[PDB]
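Beneath this line is the structure, given in C-alpha cells, with notes to follow.
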Amino acid sequence: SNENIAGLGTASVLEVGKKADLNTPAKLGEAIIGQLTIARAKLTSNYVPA
Amino acid sequence: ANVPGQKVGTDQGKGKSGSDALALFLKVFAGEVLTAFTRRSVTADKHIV
C-alpha cells in the first residue's frame with residue numbers, strides 16, 4: 001500500500017555510508033552532496049514541479 | 001449491453017477492496033430532532049393552597 005493509485009510513484013530512501021568511517025567533518029559533506037544528486041533526479045521523473 | 005462510464009463512488013486505490021459502490025459519499029443531517037413527549041399534572045387546582 002505504498003502508492004495512492006498504481007502508476008504514480010513511491011517514496012525514496014537513500015543510504016550514505018558507515019558512521020565510523022567519516023571522522024573528518026569535511027569527509028561527510030562530500031558524501032552528502034554526492035547523494036543529493038540522485039535525490040534531485042528521482043523527483044523529476046515523477047513530474048514534481050521545481 | 002451496458003455503457004462504459006465513470007465510477008465516482010467506488011474506491012479503486014492500491015491494495016484496497018472495491019466491493020462497495022457507495023463508499024466515497026457522505027452522510028448528512030436531516031433537520032428534525034426527536035424529543036420526548038411531555039408530561040402534565042392533574043392535581044394543581046383541586047385542594048387547598
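Just so we're on the same page: first chain in the C-alpha cells is A, next is B, and so on; residues restart at 1 for each chain, and ligands are numbered from 1 in the order they show up.
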
With chain B as the partner and 6 Å as the cut-off, tabulate the residues of chain A that qualify, each row holding the nearest pair of atoms and their distance in Å to one decimal, using only C-alpha atoms, sorted by chain and rising number, as JSON lines.
```
{"residue": "A:1", "atom": "CA", "partner": "B:15", "partner_atom": "CA", "distance": 5.5}
{"residue": "A:4", "atom": "CA", "partner": "B:13", "partner_atom": "CA", "distance": 5.9}
{"residue": "A:5", "atom": "CA", "partner": "B:13", "partner_atom": "CA", "distance": 5.2}
```

Residues as selected, C-alpha atoms, written as a compact mmCIF listing (two decimals), in the first residue's frame, can you do that?
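Result file follows (part.txt):
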```
# COMPACT_ATOMS: atom_id res chain seq x y z
CA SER A 1 0.00 0.00 0.00
CA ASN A 4 -2.26 6.20 -3.88
CA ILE A 5 -3.02 4.90 -7.39
```

Please provide the set of residues having any atom within 8 Å of region 11-19 of chain A, restricted to only C-alpha atoms, with same-chain residues fewer than 3 positions apart removed, written as number ranges by chain. A: 2, 22, 31-32, 35, 39, 42

Taking the DSSP secondary structure from the backbone, can you list the residues of chain A that are alpha helix (DSSP H), as a ChimeraX atom specification? /A:29-44

What does the distance from CA of residue 10 (chain B) to CA of residue 48 (chain A) come to in Å, to one decimal? 27.3 Å
